[PDB]
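Computation of the quantities below employed the complete heavy-atom set of this structure, encompassing side-chain atoms and omitting hydrogens, waters and symmetry-equivalent molecules. Convention: sequence-line order gives letters A, B, ...; per-chain numbering from 1.
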Amino acid sequence: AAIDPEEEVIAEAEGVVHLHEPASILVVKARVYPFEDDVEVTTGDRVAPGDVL
Amino acid sequence: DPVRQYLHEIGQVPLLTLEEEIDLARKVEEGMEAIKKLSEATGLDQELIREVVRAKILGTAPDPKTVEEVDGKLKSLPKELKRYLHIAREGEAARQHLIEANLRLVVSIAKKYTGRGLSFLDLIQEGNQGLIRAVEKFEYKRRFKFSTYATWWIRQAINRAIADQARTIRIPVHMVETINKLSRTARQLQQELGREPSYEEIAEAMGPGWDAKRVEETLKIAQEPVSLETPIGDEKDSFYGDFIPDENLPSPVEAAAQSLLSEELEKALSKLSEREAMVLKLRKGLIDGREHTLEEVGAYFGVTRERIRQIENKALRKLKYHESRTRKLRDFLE
DNA sequence: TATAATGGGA
């Protein structure tokens, strides 16, 4: 996305997107849970081991 | 030293890059728009969602009822509408970091307004209020740096603060600006004359619409009050207020004189019929504190305005007769 | 309401 619709990158064909040139890399001591479907936990509350994500 | 404490605290938060400044300002505007589309989907007010999002972000602890039941309704929404919940949460996180990273700018602006009646930290905190209002209606799409919009808001909030709080006796805003205009001119003509001005020449310097009487009266309100605890002499046993008489509290002689007057008038009125006396007490405000006209007194007694006037006039010359013989009321007369 | 402005001072 961009400020004005002309500078907005639109995918010209079906493909796979990769990211490469980062301003900075933020390493956060955390562990990662991929999800499908939907979520009930919302951004910013603390959780205990076993709580449903 | 609380100033070194606060400068160190805002020192921990690093400044933000132009990319981060655009990204935070973006998430703020996205979150604010996500809130409005939640007021359409759910149907409740903006400020309600605003505070429920602020709660669940900046702090854990009606808290168990209203706050959690509103968040619970928001959590029980479709996936396509729960996006705007997450967008609002991180948008409110962006507002926090946008403020924290620019607290360093508030100090750089507030330090110029010192010595005007508000301390440094009071100059920083009202300035921080301008930083919050600057963020809340900042639109990054104009491609202006955040420092330009903030600086205008930091100065608005500090100037407004000095106008409202610095004076002990509150003064309107334009008068404060007026007093500042007057106070700046007397210092450069002091340097030019080597001496302080008279009211005529400072009025001639102020321009049109200013005369020697107006500068005297506006400077009259400009001065702050004196402290009653101002020490008098090298001796540590006397303040200013120790020598000021009480102009409002009655003296023992005054307090007795008003009581003797109320007693001697009662004894005087007792020489009349009770209607004659009641008419006079109603006409003069001795009953409730207001002079009743002839209509109300006639309504009280069920007679005409003229009948009351005759009662009033006859009661007076009876009082004058008794007064010419006793002379009790001749004094009290100043 | 918008150039940009980002750690005090005795």
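Screening residues 83-112 of chain B for ring pair (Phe, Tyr, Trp, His ring centres under 6.0 Å) gives no qualifying pairs among residues at least two apart or on separate chains. Applying the side chain to side chain donor-acceptor pair (under 3.5 Å) test to every pair with at least one member in residues 54-69 of chain B, sequence neighbours left out, gives these pairs: B:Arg54-B:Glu92, B:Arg54-B:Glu136. Listed by first and then second residue, the salt bridge (charged side-chain N to carboxylate O under 4.0 Å, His left out) pairs that reach into residues 279-293 of chain B are B:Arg283-B:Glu312, sequence neighbours excluded.
Remark: B:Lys267 engages B:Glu264 in a side-chain hydrogen bond (donor to acceptor under 3.5 Å, both in side chains) (not counting sequence neighbours). For B:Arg26, the side-chain hydrogen bond (donor to acceptor under 3.5 Å, both in side chains) partners at least two apart in sequence or on another chain are B:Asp23, B:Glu30. Every residue meeting the ring-ring contact (aromatic ring centres under 6.0 Å, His included) condition with B:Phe138, not counting sequence neighbours, appears here in chain and number order: B:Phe146.
Ranked by how close their nearest DNA chain C nucleotide is to the 5' end, B:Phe146 and B:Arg142 are led by B:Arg142.
If you measure from atom CG of B:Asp1 to atom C1' of C:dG7, you get 12 Å, rounded to the nearest angstrom. Taking atom CG of residue B:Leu7 and atom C1' of nucleotide C:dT6, one finds them 12 Å apart after rounding to whole Å. In this structure, B:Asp122 atom CG and C:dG8 atom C1' are separated by 15 Å, rounded to whole Å. In this structure, B:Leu18 atom CG and C:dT3 atom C1' are separated by 14 Å, rounded to whole Å. Atoms CZ (B:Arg155) and P (C:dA4) sit 14 Å apart, rounded to a whole Å. At whole-Å resolution of the value, NE2 in B:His8 and P in C:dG9 are 19 Å apart. Distance B:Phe120 CZ to C:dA10 P: 11 Å, rounded to the nearest Å. If you measure from atom CD of B:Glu139 to atom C1' of C:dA2, you get 9 Å, rounded to the nearest angstrom.
Contacts with DNA chain C (heavy atom under 4.0 Å) in residues 24-36 of chain B: none are found. Within residues 102-118 of chain B, the residues that have a heavy atom under 4.0 Å from DNA chain C are, in order of number, B:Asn102, B:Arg104, B:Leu105, B:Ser108, B:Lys111.
In this model, the phosphate group of C:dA5 is not approached by any side-chain N or O of B:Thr151 to a distance below 4.0 Å at OP1 or OP2. Listed pair B:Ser147 / C:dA4 fails the phosphate criterion, with no side-chain N or O lying under 4.0 Å from OP1 or OP2.
Looking at heavy-atom distances under 4.0 Å, B:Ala101 makes contact with a base. Contacts of B:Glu21 with the nucleic acid, taken as non-hydrogen atoms under 4.0 Å apart, include base atoms. B:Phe138 comes within 4.0 angstrom of a nucleotide base, judged by non-hydrogen atoms across all strands.
You'll find that the side chain of B:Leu15 is closest to C:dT6, out of C:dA5, C:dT1, C:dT6. When the nucleotides C:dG7, C:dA2, C:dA5 are ranked by their closest atom to the side chain of B:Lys145, C:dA5 comes out on top.
Between atom OH of residue B:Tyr6 and atom CZ of residue B:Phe120 there is a gap of 9.5 Å, rounded to the nearest 0.5 Å.
B:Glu229 and B:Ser227 form a side-chain donor-acceptor contact under 3.5 Å, judged by distance and modelled atom types alone. Inspection of the B:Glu306 and B:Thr304 side chains reveals no N or O donor paired with an N or O acceptor under 3.5 Å.
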Output side-chain donor-acceptor pairs under 3.5 Å for residues 216-224 of chain B, partner residues at least two apart or in another chain, one line each.
unit_1: B:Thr218; atom_1: OG1; unit_2: B:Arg214; atom_2: O; d: 2.7
unit_1: B:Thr218; atom_1: OG1; unit_2: B:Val215; atom_2: O; d: 3.3

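In this structure, the aromatic ring of B:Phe144 is not positioned over the six-membered ring of the base of C:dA2 within 5.5 Å between centres and 30° between planes.
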